[PDB]
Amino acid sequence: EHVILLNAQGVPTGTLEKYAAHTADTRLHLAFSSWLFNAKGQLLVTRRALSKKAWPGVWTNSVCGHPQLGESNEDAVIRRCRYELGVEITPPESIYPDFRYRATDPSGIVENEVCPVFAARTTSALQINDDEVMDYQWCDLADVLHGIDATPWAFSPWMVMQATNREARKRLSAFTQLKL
């Protein structure tokens, strides 16, 4: 697997082996983040596996990943949901296309990404991959938004940044409607 490197403007310049890429001095590269809701309108919260190189053991939003060469941001979402969670989804909606973030993890691994955010509905049961996800929970968004406000340090920094974006947050809110 690789990542797509980008420059100052978000323009691709090439690719880089995923592992090799994410270090204490990660260069800019393409990524996605997705927030997934069940028919009931509940938000799927997940917990990164202890084996993840960056932010292991950390609670976060439904699924994050890296688009590969040839792939569309949305295909990546569909792929990753399947690989990490075994789940089928409705077409991802773009809810924060300009999100970009740089951050260091507890052991000093750096993420540095152009990371558009999406939301979608799950259309199948979960088949959790425990090489990627160690725990999960179906919640009401409002509870999750209340948790992030009370103790933001208990969750991934990107989960918090995206959730407090007013425009992304309202899109999240629209997905809490029950859909049959």
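Note that residue numbering begins at 1 and tracks the sequence as displayed.
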Which of 83-91 and 69-77 has higher mean CA B factor, as the PDB entry lists it: 69-77
Average Cα temperature factor in the PDB entry - higher stretch of 11-19, 168-176: 11-19
Out of 150, 114, 142, 49, highest CA B-factor residue: 142
Third of the chain, ranked by Cα B-factor, where residue 62 sits: lowest
Residue 26 - which third its CA temperature factor falls in, relative to the rest of the chain: highest
Within-chain third of residue 119 by Cα B-factor, per the entry: middle
Cα B factor band for residue 154 (lowest, middle or highest third within the chain): highest
B-factor third for the C-alpha atom of residue 39 within its chain: middle
